[PDB]
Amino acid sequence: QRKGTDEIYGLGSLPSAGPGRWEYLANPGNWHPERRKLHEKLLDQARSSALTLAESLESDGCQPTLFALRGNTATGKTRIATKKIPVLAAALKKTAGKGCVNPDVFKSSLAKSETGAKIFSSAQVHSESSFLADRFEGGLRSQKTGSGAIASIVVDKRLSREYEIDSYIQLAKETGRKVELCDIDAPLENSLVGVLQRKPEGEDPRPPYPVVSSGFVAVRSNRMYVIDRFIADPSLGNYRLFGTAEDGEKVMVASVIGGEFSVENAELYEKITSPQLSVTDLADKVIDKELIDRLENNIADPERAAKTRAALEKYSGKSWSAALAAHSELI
């Protein structure tokens, strides 16, 4: 569909859609009362989940920390958090994964609008979900636990660009939080098939091709800037970069831990700090039998191989761009 929920549920003369439309809508009172109520309910839920996370982390001895999960769409971020950040894995278990700062966590609820079925598309609810995420993050800034300590929080966003990274470092510095950053990379094609595997009945986003490609370019091009921040300031926190081997498994590539910088996989480090651009397109590559076989050849896990296969076959004969476009349009 077409009209955004910010336009449908906003009240009055809506400011032309660039910012100016944000402060207007950033004011929780330019919305219809029913929508205002939905916002309050969703923020209460998210805040409850975040506090559960924070109390779990503190009980497990974690100093106030901003856990940042950097990386492009469908690169395996969730599995890395689960396996490689044990204290956070323990916390997320208690909330079934809820409580992280991420606009996408509000999308399903906004899309269903308490009616029992999804009636708005992800794109239709995105601005509103972003507004809620910003209000959610704002309240978390100085949120305390029961011991009066600053609450640890989790930021689950692409975090590709310098300005975003700087902003979260500044937030951490101002609130006395360490930054624990895991940066997760996969080849662009892995993200594309990852998106096609996400089912609309799930809550993981299904963006169109340009989002995944531009995200890939941005995350790779700005990666070394992020690493430089940790190399320069040992007190900032810790950094780990995981990349994807040929067989699809994640491996440590570079790290800054306790101020010590190491490169665990120099070959991958050279590769995953560059977008592999040329003057003129993976977007036009057709999903054919060969491509599916080519991807299957490097997937050994039966369940993963079957799911990859099924997702691709649904779009057999279409270009990556056409495939992700069609997949994204599903409600």
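For every residue, the number given is its place in the sequence shown, counted from 1.
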**Item:** At least a third of other PDB entries omit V279
**Value:** yes
**Asked** How many residues that are in the deposited sequence but not in the model lie between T280 and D281: none, 1 to 3, 4 to 9, or 10 or more?
**Response** 1 to 3
**Fill in**
Entry B factor averaged over C-alpha atoms, 291-299 against 49-57: higher for 291-299
**Request:** Select between 67-75 and 195-203 the stretch whose C-alpha atoms have the higher average B-factor in the entry.
**Result:** 195-203
**Request:** Please rank the C-alpha B-factors of the chain's modelled residues and tell me whether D134 sits in the lowest, middle or highest third.
**Result:** highest
**Message:** For the chain shown, is the CA B-factor of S147 in the lowest, middle or highest third of its modelled residues?
**Reply:** highest
**Asked** Can you tell me which third, lowest, middle or highest, the CA B-factor of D44 falls into for its chain?
**Response** middle
**Third of chain Cα B-factors occupied by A306** = middle
**Message:** Can you tell me whether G97 has a C-alpha B-factor in the lowest, middle or highest third compared with the other modelled residues of the same chain?
**Reply:** middle
